[PDB]
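Two forms, one protein chain; structure tokens for each follow separately as structure 1 and structure 2.
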Structure 1
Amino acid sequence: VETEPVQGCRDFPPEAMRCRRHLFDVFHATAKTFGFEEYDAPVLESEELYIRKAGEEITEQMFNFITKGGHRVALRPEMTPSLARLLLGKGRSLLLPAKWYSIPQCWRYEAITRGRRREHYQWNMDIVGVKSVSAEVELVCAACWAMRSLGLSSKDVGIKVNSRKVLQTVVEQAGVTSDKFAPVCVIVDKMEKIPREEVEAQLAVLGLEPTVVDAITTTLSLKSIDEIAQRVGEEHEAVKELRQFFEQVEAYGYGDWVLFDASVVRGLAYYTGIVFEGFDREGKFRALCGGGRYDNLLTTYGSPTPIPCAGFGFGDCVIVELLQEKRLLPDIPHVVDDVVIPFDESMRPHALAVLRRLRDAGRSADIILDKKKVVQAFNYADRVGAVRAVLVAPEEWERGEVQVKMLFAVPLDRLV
């Protein structure tokens, strides 16, 4: 007798489902406008695929189980690995650069509320085979367009930007093997989420000294690009890469949308370079979206030659919270072009004839299926939001006509 859905999952009845479609049309449209090709993988993947274990939180937050037949498995918590699989699968036949997108469902055994439910759809845009920041620029501009398309602006939403190289330098400059670095990126991401002493505690636990911990704290708090230059020199990849990224987005004309934020690092250990996170200016919700460059990952899965990648994920939850707070998700109710009312059931076969004729003429149309009275029919027309009620009565039908109410006798040739 049980009606509620599993755990923190969402049901999508028509009313809700429309909102989703509205949201998706946009992603697709934006992809197309930006020239991305759609792909998809199976939601269920091999457990083996997600073996990185870089101190992350995603490894245990897994819907994993065993089929017996074939080997053990898990429902995907992110698309990227599944992309990498498909890419590498394509092998020598893979033509580059490639620009691929997808709107896959994703499963994290996570903490339900607020806007981080146990299942979520995630719009992935990825550029593969592009070395320069030209990629990230495009990608970030793609998120913006989408949002702008949804009815947002730079004043509602921002995108914070940074490069992990800045950090990667600082660490490499003190005496710790890149060994412990990715874990530091996991730790350091928590600075937004929790207080400084507990981050600094976990970094001391990873073995690091206090004086190196200090350096990290400082870097994270660095105010601008100009200021980056002074801790690492204007002659430096990270520096000139950001300046290009920023000059290019300003050129494309989304200047107000982005800004530098030294704090941004991301919680996934395969990012190599530039990284970004979409946020609402008021600072109400978790990240709208997040992404960055991941050059080495494809080598990690075993590409005989390393393949640069950048790309982001864009959730379907937080974004909606924001649109609903900005009253940009007005329910647009179901409509249909025509409702065909058989006068009595003897007219039904003629009604059908008429219905076919409209559906052929490319109309969207509906027909009263059970025997019901004339009022009820009109009532139905109103419920389903019909633009027009075509009543098929006999007196008229014999004269080769039907009745039409808009929401007088019309012959068929003048109907459609």
Structure 2
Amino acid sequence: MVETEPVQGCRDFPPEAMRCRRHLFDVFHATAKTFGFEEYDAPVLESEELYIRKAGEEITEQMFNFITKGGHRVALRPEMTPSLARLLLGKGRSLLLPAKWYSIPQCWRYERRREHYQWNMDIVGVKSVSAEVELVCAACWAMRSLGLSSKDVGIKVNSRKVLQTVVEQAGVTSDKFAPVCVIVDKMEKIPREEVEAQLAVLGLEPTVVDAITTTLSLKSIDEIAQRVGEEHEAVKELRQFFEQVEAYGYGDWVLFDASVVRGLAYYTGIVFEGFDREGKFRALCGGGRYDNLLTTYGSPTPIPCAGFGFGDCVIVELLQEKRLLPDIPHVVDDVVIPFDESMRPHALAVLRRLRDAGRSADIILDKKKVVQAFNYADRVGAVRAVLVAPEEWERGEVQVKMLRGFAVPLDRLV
């Protein structure tokens, strides 16, 4: 006997599990379409150089990389955003903006799960917070579509610009900002002593660290306004953002949280993450504005961007807890049953007709008695059994039985 288990930290999807995954992806696709996003894809295998950002980020640290036989430094993508950027740069001026692109890539890591699917939604070429508004509303829409309400989940929202200023006022070179965010993102995962220590090695004195901590604890936008001024870009932008989400009708889903910075180096403005309101699960989704990324890759002109990722594992756990993932059995409209093998040719012609009309239909493939054929029909969740028997056939008819009997002319089947 061979190894029946999948490779370590990778999931199989037999039909039952695949139906659950399809249920979820159908929502991702349908939400994208509802919101006017266009699908794209790129190779799971990308060049390693694409993820070397040197900011101590977790997803680049835990990158499932290797070397080809020809010596090229490649990686299974740990995220999609750099791929998106590559594609955008490749198009250059031929790309019409604004663009709204989405995908559902499998993404990888190595250290626990080594593999997940991550819905990515990104808006390209929009300077204003309307992009972040749309993105956050998309994420809410998807969760709404899976049966969740604003009682079950929320989206925490912040801007890194508040922190950008505090760092800049202390005198720390702007090069240190991305590392600072990556470290401060660790506040829940490790103790405050551990994070204070990490910022010390980065090269910031205790007074600068104190100001950082203080602003993360600020509980409202007014309290930000007091600290940095009402004219501060972050204040106007966050206000516009909440005003717009409120107007769209998702005010109950969103709130301000000054502790949210995200772990990625490249976010420059508004950032956000989804969470369950019971405090039981890790983040459901996460994203933000990243206006300089394409400039760092060498775009001759700055290109504003914003987007998010929405994983496939935490959401499912939440949905299972809330009892929103009942098994959906397999279904098919018709099961065609030859009375015996001599009727098979006739049964095949019926099967053809049924399928031609857009119905999903099986035919009993092996030899079996009608009662067993009917049992099989019930097992595959057939709505209807179509028995093709000799007496009825000579009258131009079949015998039909609803699952969930009597003669019917062949033309009236469809």
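Structure 1's sequence is the ruler for residue numbers, which start at 1. Rigid core (definition): largest C-alpha set, two forms, superposition within 1.5 Å.
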query = Is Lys68 among the residues whose Cα moves by 2 Å or more between the two structures after superposition of the rigid core?
reply = yes
message = Core-aligned, what does the C-alpha of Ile58 shift between the two structures, expressed in angstrom?
response = 2.2
ask   = Rigid core superposed, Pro42 Cα shift between the two structures in Å?
value = 0.9
